[PDB]
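Source file: work.txt. Holds: compact mmCIF, C-alpha atoms.
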# COMPACT_ATOMS: atom_id res chain seq x y z
CA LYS L 23 113.28 78.74 79.80
CA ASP L 24 110.00 79.00 81.79
CA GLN L 25 111.62 77.08 84.77
CA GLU L 26 111.76 80.43 86.60
CA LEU L 27 109.83 83.67 86.89
CA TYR L 28 111.12 87.19 87.66
CA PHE L 29 108.19 88.93 89.35
CA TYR L 30 108.31 92.59 90.45
CA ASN L 31 105.27 93.67 92.50
CA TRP L 32 103.97 96.05 95.16
CA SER L 33 104.99 95.25 98.72
CA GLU L 34 102.35 93.48 100.96
CA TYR L 35 100.22 91.99 98.12
CA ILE L 36 101.47 88.39 98.01
CA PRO L 37 101.96 86.32 101.19
CA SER L 38 105.18 84.21 101.11
CA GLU L 39 103.08 80.96 101.39
CA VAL L 40 101.21 81.87 98.18
CA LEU L 41 104.51 82.02 96.17
CA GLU L 42 105.54 78.69 97.81
CA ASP L 43 102.16 77.23 96.67
CA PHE L 44 102.73 78.46 93.08
CA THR L 45 106.22 76.80 92.99
CA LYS L 46 104.79 73.56 94.48
CA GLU L 47 102.00 73.46 91.83
CA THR L 48 104.10 74.41 88.75
CA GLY L 49 107.73 73.60 89.61
CA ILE L 50 108.54 77.23 88.57
CA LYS L 51 111.02 79.08 90.85
CA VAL L 52 109.91 82.68 91.64
CA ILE L 53 112.56 85.41 91.89
CA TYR L 54 110.38 87.94 93.72
CA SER L 55 111.11 91.60 94.46
CA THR L 56 109.00 94.55 95.59
CA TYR L 57 108.46 98.29 95.15
CA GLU L 58 106.42 100.95 97.04
CA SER L 59 105.40 103.16 94.07
CA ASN L 60 104.88 103.17 90.28
CA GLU L 61 107.68 105.81 90.10
CA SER L 62 110.20 103.49 91.88
CA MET L 63 109.04 100.51 89.78
CA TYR L 64 109.37 102.51 86.55
CA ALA L 65 112.88 103.86 87.42
CA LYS L 66 114.15 100.32 88.04
CA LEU L 67 112.62 98.94 84.79
CA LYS L 68 114.26 101.85 82.89
CA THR L 69 117.75 101.35 84.38
CA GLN L 70 117.59 97.53 83.88
CA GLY L 71 115.84 97.52 80.47
CA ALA L 72 114.82 93.85 80.86
CA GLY L 73 115.20 91.10 83.53
CA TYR L 74 111.46 90.94 84.46
CA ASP L 75 108.61 88.61 83.43
CA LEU L 76 105.81 90.34 85.37
CA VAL L 77 105.30 93.87 86.65
CA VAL L 78 102.24 95.44 88.33
CA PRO L 79 101.54 99.05 87.24
CA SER L 80 98.60 101.12 88.48
CA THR L 81 96.19 101.80 85.59
CA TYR L 82 97.50 105.41 85.24
CA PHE L 83 100.94 103.98 84.18
CA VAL L 84 99.65 101.41 81.63
CA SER L 85 99.18 103.70 78.57
CA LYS L 86 102.60 105.43 79.26
CA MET L 87 104.44 102.05 79.53
CA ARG L 88 102.67 100.68 76.39
CA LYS L 89 103.60 103.82 74.31
CA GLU L 90 107.24 103.59 75.50
CA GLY L 91 107.49 99.95 74.26
CA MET L 92 107.92 98.63 77.83
CA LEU L 93 105.13 96.00 77.65
CA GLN L 94 103.96 93.11 75.51
CA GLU L 95 100.47 91.83 74.64
CA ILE L 96 98.87 89.35 77.08
CA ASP L 97 97.25 86.20 75.62
CA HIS L 98 93.76 85.79 77.21
CA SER L 99 93.56 82.18 75.85
CA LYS L 100 96.35 81.26 78.37
CA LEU L 101 94.18 82.72 81.20
CA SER L 102 91.44 80.18 82.03
CA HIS L 103 90.19 82.51 84.83
CA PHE L 104 89.88 85.65 82.62
CA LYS L 105 86.07 84.88 82.61
CA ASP L 106 86.09 85.32 86.46
CA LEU L 107 86.99 89.05 86.19
CA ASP L 108 84.32 91.67 86.93
CA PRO L 109 83.35 93.33 83.58
CA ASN L 110 83.05 96.71 85.41
CA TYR L 111 86.91 96.81 85.72
CA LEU L 112 87.67 95.65 82.14
CA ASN L 113 88.05 97.30 78.70
CA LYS L 114 88.74 100.89 79.80
CA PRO L 115 90.39 103.64 77.62
CA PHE L 116 93.81 103.11 79.38
CA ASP L 117 93.88 99.56 77.88
CA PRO L 118 91.06 98.69 75.41
CA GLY L 119 90.41 94.93 75.27
CA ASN L 120 92.92 94.39 78.16
CA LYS L 121 95.71 93.77 75.63
CA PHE L 122 98.47 94.98 78.01
CA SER L 123 97.07 94.66 81.56
CA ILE L 124 94.94 92.37 83.73
CA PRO L 125 92.97 93.82 86.71
CA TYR L 126 94.46 92.47 89.92
CA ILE L 127 93.74 94.62 93.03
CA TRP L 128 91.65 97.77 93.45
CA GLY L 129 91.65 100.00 96.51
CA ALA L 130 91.21 103.46 97.96
CA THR L 131 93.04 106.05 100.07
CA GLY L 132 91.36 107.89 102.89
CA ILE L 133 92.38 109.41 106.22
CA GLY L 134 93.82 106.79 108.60
CA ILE L 135 92.96 107.38 112.26
CA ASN L 136 93.76 105.75 115.66
CA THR L 137 90.28 105.82 117.36
CA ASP L 138 91.92 105.46 120.86
CA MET L 139 94.14 108.54 120.30
CA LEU L 140 91.96 110.92 118.23
CA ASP L 141 88.38 111.97 117.40
CA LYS L 142 86.68 110.83 114.14
CA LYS L 143 84.19 113.84 113.92
CA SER L 144 87.10 116.39 113.74
CA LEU L 145 88.08 115.28 110.13
CA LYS L 146 85.80 115.21 107.01
CA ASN L 147 88.05 116.48 104.17
CA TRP L 148 91.70 116.36 102.94
CA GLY L 149 92.06 120.08 103.82
CA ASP L 150 91.58 119.22 107.53
CA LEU L 151 95.13 117.66 107.49
CA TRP L 152 96.55 121.21 107.02
CA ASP L 153 95.26 122.34 110.48
CA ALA L 154 98.16 123.64 112.65
CA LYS L 155 97.19 121.18 115.51
CA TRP L 156 98.67 118.31 113.37
CA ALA L 157 102.30 119.72 113.61
CA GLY L 158 104.82 116.86 113.11
CA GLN L 159 102.13 114.17 113.40
CA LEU L 160 101.10 112.91 109.94
CA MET L 161 102.02 110.04 107.70
CA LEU L 162 101.60 110.73 103.98
CA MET L 163 101.78 108.10 101.24
CA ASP L 164 105.17 107.98 99.50
CA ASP L 165 103.41 108.55 96.18
CA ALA L 166 103.61 111.70 94.00
CA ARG L 167 100.13 111.36 92.46
CA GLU L 168 98.33 110.54 95.70
CA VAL L 169 99.99 113.43 97.62
CA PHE L 170 99.21 115.85 94.75
CA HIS L 171 95.65 114.39 94.52
CA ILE L 172 94.82 115.58 98.09
CA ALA L 173 96.20 119.14 97.47
CA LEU L 174 94.53 119.46 94.03
CA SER L 175 91.25 118.26 95.64
CA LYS L 176 91.67 120.89 98.46
CA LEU L 177 92.23 123.62 95.80
CA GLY L 178 89.17 122.54 93.76
CA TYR L 179 91.29 121.40 90.78
CA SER L 180 91.19 118.02 89.06
CA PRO L 181 93.46 115.49 90.84
CA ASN L 182 94.24 114.38 87.22
CA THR L 183 95.10 117.86 85.89
CA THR L 184 97.75 118.41 83.18
CA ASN L 185 97.65 122.23 83.80
CA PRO L 186 101.21 123.24 84.97
CA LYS L 187 99.83 126.33 86.86
CA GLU L 188 97.48 124.02 88.87
CA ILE L 189 100.29 121.47 89.58
CA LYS L 190 102.49 124.38 90.79
CA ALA L 191 99.59 125.71 92.97
CA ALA L 192 99.22 122.19 94.51
CA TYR L 193 103.01 122.17 95.16
CA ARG L 194 102.78 125.55 97.02
CA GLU L 195 99.76 124.20 98.99
CA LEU L 196 101.75 121.04 99.90
CA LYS L 197 104.66 123.21 101.17
CA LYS L 198 102.16 124.53 103.83
CA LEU L 199 101.34 120.91 104.85
CA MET L 200 105.05 119.88 105.32
CA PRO L 201 105.30 121.13 109.02
CA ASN L 202 102.56 118.52 109.79
CA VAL L 203 104.39 115.62 108.05
CA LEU L 204 106.46 113.18 110.12
CA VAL L 205 106.98 110.48 107.44
CA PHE L 206 106.22 109.41 103.85
CA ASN L 207 105.58 105.66 103.72
CA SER L 208 104.02 103.47 100.96
CA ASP L 209 106.14 100.39 101.76
CA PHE L 210 104.50 99.18 105.03
CA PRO L 211 102.11 102.13 105.82
CA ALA L 212 100.09 100.39 108.59
CA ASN L 213 103.36 99.96 110.64
CA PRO L 214 103.71 103.66 111.83
CA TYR L 215 100.01 103.49 112.98
CA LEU L 216 100.53 100.06 114.68
CA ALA L 217 103.71 101.35 116.45
CA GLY L 218 101.93 104.51 117.68
CA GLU L 219 104.43 106.70 115.71
CA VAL L 220 101.49 108.39 113.94
CA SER L 221 97.81 108.52 114.91
CA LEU L 222 96.66 110.20 111.66
CA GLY L 223 97.44 110.75 107.99
CA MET L 224 96.76 109.20 104.59
CA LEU L 225 96.11 105.45 104.57
CA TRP L 226 95.12 102.75 102.08
CA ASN L 227 91.94 100.77 102.97
CA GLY L 228 93.86 97.45 102.96
CA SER L 229 96.62 98.74 105.26
CA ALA L 230 94.01 99.97 107.81
CA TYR L 231 92.41 96.44 107.70
CA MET L 232 95.85 94.79 108.24
CA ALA L 233 96.25 97.01 111.35
CA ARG L 234 92.83 95.98 112.82
CA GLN L 235 93.72 92.28 112.24
CA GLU L 236 96.82 92.83 114.45
CA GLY L 237 94.80 94.55 117.21
CA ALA L 238 95.28 98.29 116.57
CA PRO L 239 92.09 100.42 116.31
CA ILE L 240 92.94 101.89 112.90
CA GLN L 241 89.93 103.06 110.95
CA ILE L 242 89.51 104.94 107.67
CA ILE L 243 87.68 108.29 107.43
CA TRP L 244 86.50 108.67 103.83
CA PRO L 245 87.00 112.35 102.76
CA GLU L 246 83.57 113.78 101.74
CA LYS L 247 85.04 114.71 98.36
CA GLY L 248 88.20 113.63 96.58
CA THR L 249 88.64 110.12 98.03
CA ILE L 250 91.40 108.43 95.98
CA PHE L 251 90.41 105.31 93.98
CA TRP L 252 93.06 103.23 92.17
CA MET L 253 93.59 99.88 90.49
CA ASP L 254 96.76 97.80 90.07
CA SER L 255 96.96 95.49 87.07
CA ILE L 256 99.43 92.80 86.03
CA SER L 257 101.48 93.36 82.84
CA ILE L 258 104.22 91.45 81.00
CA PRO L 259 107.41 93.51 80.23
CA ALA L 260 108.64 93.61 76.59
CA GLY L 261 111.93 91.79 77.32
CA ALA L 262 110.30 88.96 79.37
CA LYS L 263 112.11 85.60 78.84
CA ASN L 264 109.55 83.42 80.68
CA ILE L 265 106.23 84.25 78.94
CA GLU L 266 104.54 80.88 79.75
CA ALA L 267 105.50 81.18 83.45
CA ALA L 268 104.16 84.81 83.38
CA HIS L 269 100.69 83.71 82.12
CA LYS L 270 100.67 80.77 84.60
CA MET L 271 101.23 83.23 87.50
CA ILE L 272 98.51 85.67 86.29
CA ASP L 273 96.03 82.71 86.00
CA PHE L 274 97.11 81.41 89.44
CA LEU L 275 96.35 84.85 91.02
CA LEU L 276 93.01 85.10 89.09
CA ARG L 277 91.90 81.69 90.50
CA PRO L 278 88.85 82.71 92.63
CA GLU L 279 89.91 80.60 95.69
CA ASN L 280 93.38 82.32 95.62
CA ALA L 281 92.10 85.88 94.97
CA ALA L 282 89.51 85.49 97.83
CA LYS L 283 91.94 83.91 100.40
CA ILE L 284 94.55 86.59 99.63
CA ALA L 285 91.94 89.46 99.90
CA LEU L 286 91.08 88.30 103.46
CA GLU L 287 94.79 88.31 104.38
CA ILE L 288 95.67 91.71 102.79
CA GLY L 289 92.40 93.71 103.29
CA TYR L 290 91.89 94.84 99.70
CA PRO L 291 88.87 94.55 97.40
CA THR L 292 89.24 92.24 94.34
CA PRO L 293 88.20 92.88 90.70
CA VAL L 294 87.81 89.08 90.33
CA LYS L 295 83.97 88.83 90.48
CA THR L 296 83.95 85.06 91.31
CA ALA L 297 86.39 85.69 94.23
CA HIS L 298 84.37 88.78 95.43
CA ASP L 299 81.27 86.50 95.67
CA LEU L 300 83.27 84.03 97.91
CA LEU L 301 84.06 86.86 100.46
CA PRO L 302 82.06 86.91 103.76
CA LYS L 303 79.42 89.63 104.41
CA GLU L 304 81.61 90.98 107.33
CA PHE L 305 84.42 91.75 104.83
CA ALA L 306 82.16 92.83 101.85
CA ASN L 307 80.13 95.26 104.05
CA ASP L 308 83.12 96.62 106.13
CA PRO L 309 82.82 100.44 105.90
CA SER L 310 86.60 100.98 106.31
CA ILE L 311 87.21 98.72 103.20
CA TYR L 312 84.32 99.51 100.82
CA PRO L 313 83.46 103.21 100.64
CA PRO L 314 79.79 104.36 100.73
CA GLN L 315 78.01 105.46 97.51
CA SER L 316 78.38 109.21 98.37
CA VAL L 317 82.17 108.76 98.73
CA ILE L 318 82.29 106.90 95.34
CA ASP L 319 80.23 109.62 93.58
CA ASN L 320 82.39 112.48 94.99
CA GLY L 321 85.76 110.73 94.72
CA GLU L 322 88.15 110.26 91.75
CA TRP L 323 89.93 107.36 90.07
CA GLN L 324 93.62 108.15 89.54
CA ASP L 325 94.09 108.73 85.80
CA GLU L 326 97.04 109.24 83.44
CA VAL L 327 98.53 112.77 83.12
CA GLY L 328 100.69 112.02 80.05
CA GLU L 329 103.91 114.11 79.93
CA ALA L 330 102.85 116.16 83.01
CA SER L 331 103.99 113.14 85.12
CA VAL L 332 107.51 114.67 85.13
CA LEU L 333 106.21 117.87 86.82
CA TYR L 334 104.37 115.87 89.52
CA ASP L 335 107.61 113.88 90.17
CA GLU L 336 109.88 116.98 90.10
CA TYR L 337 107.75 118.84 92.70
CA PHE L 338 107.13 115.75 94.86
CA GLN L 339 110.91 115.07 95.00
CA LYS L 340 111.40 118.75 96.05
CA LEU L 341 108.73 118.36 98.87
CA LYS L 342 110.55 115.26 100.25
CA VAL L 343 114.05 116.84 100.16
CA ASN L 344 113.19 120.37 101.41
Encoded form (structure tokens):
Amino acid sequence: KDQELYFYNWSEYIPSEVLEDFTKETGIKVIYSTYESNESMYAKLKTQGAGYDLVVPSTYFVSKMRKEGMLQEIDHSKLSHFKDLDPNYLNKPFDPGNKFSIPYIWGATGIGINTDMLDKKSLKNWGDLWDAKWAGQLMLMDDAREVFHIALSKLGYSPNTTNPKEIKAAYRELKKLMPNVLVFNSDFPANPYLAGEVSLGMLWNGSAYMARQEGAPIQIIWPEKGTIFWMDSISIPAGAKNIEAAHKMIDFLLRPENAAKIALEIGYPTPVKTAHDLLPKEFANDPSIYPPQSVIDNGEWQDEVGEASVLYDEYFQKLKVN
């Protein structure tokens, strides 16, 4: 008991050396596995029932998982670095008092572009991706809510709507975008841009940074309205057997030196205030990472849609298969 840790997380977030460092420091063996979406993560947790000590839902999955009895309360007294978290990302309606989730990584989705292949000025909004000149050229995220977000935004509806008529209208709008889609990828989304397989599409800010670090000129165009904002938080599943190891890992990741070093490797902003302050000005002021105020004001955080989540999934699965 507590000699091991079963940790299920998003791909790309934790460098292999960081898990090695945790095991060296604690003596705790990490059985690590990854997912590319909340929907894939959730389906595995449902089939398995238990077998996990840590899971990393986006904030729009936290209330759903709590209500379904999938999570357990996190003890802040076991987290010495809880005080290092930015208060602006804490105590939100999805999880009052952070009883079930700890902010871990926040990011945004914009339009990824290869500045050696295409023109930046020719795209300002999500709707521009529908232009016939993009036939068989785009990468979309493999994520129901993000793909629906861009179509709902184009239609002038809330990207967090629970109106079935609006979700259906977004589905019909997305059917018109499908001739422009080459691939759906949320597992290693910078790779099609790095390989020259795609020169445009949706892209996470961190992934575009990862691409630039490798040499590819992959920038982010922030849509004028409807830029996607999201946050991933760490949670402890209800059936977790290694609760002490779980808190030790959360605290290890919250450690400002760790959160800052990792952020520079992965290209994502951090909700750990003390770590954010350790980041260089070059990173903190990078326009392809941190969106401008106008983009913030006109964008939307991904929020819960309660029972309408099944409609989003049903239609998104149809888009991918058809």
| query | Do you know which residues are at most 10 Å from residue 125 of chain L counting all atoms listed in the file, after dropping those on the same chain fewer than 3 positions away, and could you put them as JSON, numbers by chain? | reply | {"L": [78, 80, 81, 104, 107, 108, 111, 112, 120, 128, 253, 254, 255, 256, 257, 272, 276, 292, 293, 294]}
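Residues near the point (97.9, 79.3, 78.6), at a distance of 12 Å or less over all atoms listed in the file, make up residues 96, 97, 98, 99, 100, 101, 102, 103, 104, 265, 266, 267, 268, 269, 270, 271, 272, 273 and 274 of chain L.
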| request: Show me as a PyMOL selection string the residues that reach within 10 Å of (88.9, 82.2, 92.5), counting all atoms listed in the file and using the file's own coordinates. | output: chain L and resi 103+106-107+273-283+294-300
| said: Using only C-alpha atoms, can you tell me which of L:76, L:258, L:140, L:285 comes closest to residue 34 of chain L? | reply: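 For residue 34 of chain L, the nearest of the candidates is L:285.
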| said: Please report the interatomic distance between atom CA of residue 82 of chain L and atom CA of residue 193 of chain L in Å with one decimal. | reply: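 Between atom CA of residue 82 of chain L and atom CA of residue 193 of chain L the gap is 20.2 Å.
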| request: Between L:148, L:179, L:206, L:252, single out the one closest to residue 227 of chain L, counting all atoms listed in the file. | output: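 With all atoms listed in the file as the atom set, the closest residue is L:252.
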Box along x, y and z, 8 Å on every side, all listed atoms of segment 262-267 of chain L inside: centre and edge lengths in Å to one decimal, as lines of an AutoDock Vina configuration file.
center_x = 108.3
center_y = 84.9
center_z = 81.1
size_x = 23.6
size_y = 24.1
size_z = 20.6
| query | If we count all atoms listed in the file, what is near segment 320-324 of chain L at a cut-off of 9 Å, once residues fewer than 3 positions away on the same chain are taken out, given as a PyMOL selection string? | reply | chain L and resi 80-82+130+167-168+171+180-182+245-253+315-317
At a cut-off of 12 Å, can you tabulate as a tab-separated table every residue of segment 127-214 of chain L near segment 302-310 of chain L together with its closest atom pair and the distance in Å to one decimal, using only C-alpha atoms and ordering rows by chain then number?
residue	atom	partner	partner_atom	distance
L:129	CA	L:310	CA	11.1
L:130	CA	L:310	CA	9.9
L:131	CA	L:310	CA	10.3
L:132	CA	L:310	CA	9.1
L:133	CA	L:310	CA	10.2
L:134	CA	L:310	CA	9.5
L:135	CA	L:310	CA	10.8
| request: Using only C-alpha atoms, pick whichever of L:170, L:244, L:57, L:116 has the shortest atom-to-atom distance to residue 333 of chain L. | output: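 For residue 333 of chain L, the nearest of the candidates is L:170.
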| Counting all atoms listed in the file, which of L:338, L:158, L:287, L:92 gets nearest to residue 36 of chain L? |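 Of all the options, L:287 lies closest to residue 36 of chain L.
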For residue 262 of chain L, please output as an mmCIF file with C-alpha atoms, keeping the file's coordinate frame all residues within 8 Å (counting only C-alpha atoms; exclusion window: fewer than 6 positions along the same chain).
data_model
loop_
_atom_site.group_PDB
_atom_site.id
_atom_site.type_symbol
_atom_site.label_atom_id
_atom_site.label_comp_id
_atom_site.auth_asym_id
_atom_site.auth_seq_id
_atom_site.Cartn_x
_atom_site.Cartn_y
_atom_site.Cartn_z
ATOM 1 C CA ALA L 72 114.820 93.850 80.860
ATOM 2 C CA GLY L 73 115.200 91.100 83.530
ATOM 3 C CA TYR L 74 111.460 90.940 84.460
ATOM 4 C CA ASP L 75 108.610 88.610 83.430
ATOM 5 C CA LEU L 76 105.810 90.340 85.370
#
List as a JSON list (two decimals) with C-alpha atoms, keeping the file's coordinate frame the protein and nucleic acid residues near residue 342 of chain L, meaning an atom at most 12 Å away when only C-alpha atoms are counted, but skip any in the same chain fewer than 5 places from it.
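Wrote out02.json, looks like this:
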[["chain", "number", "residue", "atom", "x", "y", "z"],
["L", 162, "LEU", "CA", 101.60, 110.73, 103.98],
["L", 163, "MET", "CA", 101.78, 108.10, 101.24],
["L", 164, "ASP", "CA", 105.17, 107.98, 99.50],
["L", 165, "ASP", "CA", 103.41, 108.55, 96.18],
["L", 166, "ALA", "CA", 103.61, 111.70, 94.00],
["L", 169, "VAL", "CA", 99.99, 113.43, 97.62],
["L", 193, "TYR", "CA", 103.01, 122.17, 95.16],
["L", 196, "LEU", "CA", 101.75, 121.04, 99.90],
["L", 197, "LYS", "CA", 104.66, 123.21, 101.17],
["L", 199, "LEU", "CA", 101.34, 120.91, 104.85],
["L", 200, "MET", "CA", 105.05, 119.88, 105.32],
["L", 201, "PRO", "CA", 105.30, 121.13, 109.02],
["L", 203, "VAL", "CA", 104.39, 115.62, 108.05],
["L", 204, "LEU", "CA", 106.46, 113.18, 110.12],
["L", 205, "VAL", "CA", 106.98, 110.48, 107.44],
["L", 206, "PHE", "CA", 106.22, 109.41, 103.85],
["L", 207, "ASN", "CA", 105.58, 105.66, 103.72],
["L", 335, "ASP", "CA", 107.61, 113.88, 90.17],
["L", 336, "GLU", "CA", 109.88, 116.98, 90.10],
["L", 337, "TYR", "CA", 107.75, 118.84, 92.70]]
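When only C-alpha atoms are used to compute distances to residue 153 of chain L, the closest of the residues L:44, L:29, L:237, L:198 turns out to be L:198.
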| Coordinates-based distance that separates atom CA of residue 194 of chain L from atom CA of residue 213 of chain L (Å, one decimal) | 29.0 Å
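Considering the residues L:192, L:145, L:343, L:332 and counting all atoms listed in the file, residue 86 of chain L has its shortest atom-to-atom contact with L:332.
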| What does the distance between atom CA of residue 156 of chain L and atom CA of residue 202 of chain L come to in Å, to one decimal place? |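 Atom CA of residue 156 of chain L sits 5.3 Å away from atom CA of residue 202 of chain L.
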| said: List as a VMD selection string the protein and nucleic acid residues near residue 37 of chain L, meaning an atom at most 10 Å away when all atoms listed in the file are counted, but skip any in the same chain fewer than 5 places from it. | reply: chain L and resid 42 284 287 to 288
